[PDB]
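J.: enclosed are the sequence and the experimentally obtained structure.
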Amino acid sequence: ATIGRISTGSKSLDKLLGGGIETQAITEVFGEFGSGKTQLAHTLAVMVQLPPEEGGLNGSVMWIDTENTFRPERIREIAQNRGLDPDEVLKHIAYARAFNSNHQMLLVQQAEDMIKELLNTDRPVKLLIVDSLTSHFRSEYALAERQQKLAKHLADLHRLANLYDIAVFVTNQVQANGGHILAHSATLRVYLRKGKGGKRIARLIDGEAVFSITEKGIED
């Protein structure tokens, strides 16, 4: 399949990303608590449902939450302000909460079943969000076992991205008092941070985009 792109909702961030986040790729966004990673996730879950002319892929969404931070009311607001029917947008986001890291792994296997079911339809899965990817692994394991467990989990996610032409979008909290970037395992690493005046700044790791969090999700 060709490489699809999902607009982030910000023209600035889209330019930095070459058009948006890619299918057949894992995009890892990392940064401090409060930097806007989950807002980017919420916005992408709407944007992917737009037609390609507006930067979407007419796609369905699967969301794996580890911290109870998915907000249907926020999806509704973004959808309404992006010109979509919010009820339809929410109907096309399959939501699951991971109880622990082992359940998180099983949820990725279950995601494959729904990806297969929708593969030949007009609303195939095009976006799999894992927010937060690392939190359970950090709480449950010391570093050595944590690295081995993370490696298999990321291998599973890569495989889904390539085999089924999906964008995998993962968030990762890293700040002075804890957290660690997923090393070299993502396809693409994006560093997000707060700037003056409520702005958010993104940079590719291994120019900078600037955007705001608004009723449209994020935008320039």
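T.: On my side now, so go ahead. Residues are numbered from 1 along each chain as shown.

J.: list the buried residues of stretch 192-199.
T.: 192-193 (16 or more other CB atoms under 10 Å). Quick note: C-beta positions are derived from backbone N, CA and C, even for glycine.

J.: so who does the residue positioned nearest the centre of the chain touch?
T.: Using CA atoms, centre = their mean, the residue of the chain that lies closest to the mean C-alpha position is residue 169, 2.8 Å off. Residue 169 makes contacts with 21, 26-27, 29, 40-41, 44, 127-130, as judged by CB atoms under 8 Å, 6 or more residues apart in numbering.

J.: I'd like these as CSV, with neighbour count appended.
T.: Below are the contacts of residue 169 laid out as CSV (neighbours: other CB atoms under 10 Å):
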residue, neighbour count
21, 28
26, 26
27, 23
29, 24
40, 30
41, 24
44, 27
127, 26
128, 26
129, 25
130, 27
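
J.: of those, closest to residue 113?
T.: residue 128 (12.7 Å; CB to CB).

J.: are we agreed that that closest one is in a helix?
T.: No - secondary structure of residue 128 (DSSP: H, G, I helix; E, B strand; the rest coil): strand, not part of a helix.

J.: quick one, strands of the protein?
T.: 5-6, 21-22, 25-31, 60-65, 93-97, 125-131, 167-173, 188-194, 200-205, 209-214, 217-219 (DSSP state E).

J.: out of those, the one nearest residue 74 is which?
T.: Closest to residue 74 of the strands of the chain, according to CB to CB: strand 217-219, at 8.3 Å.
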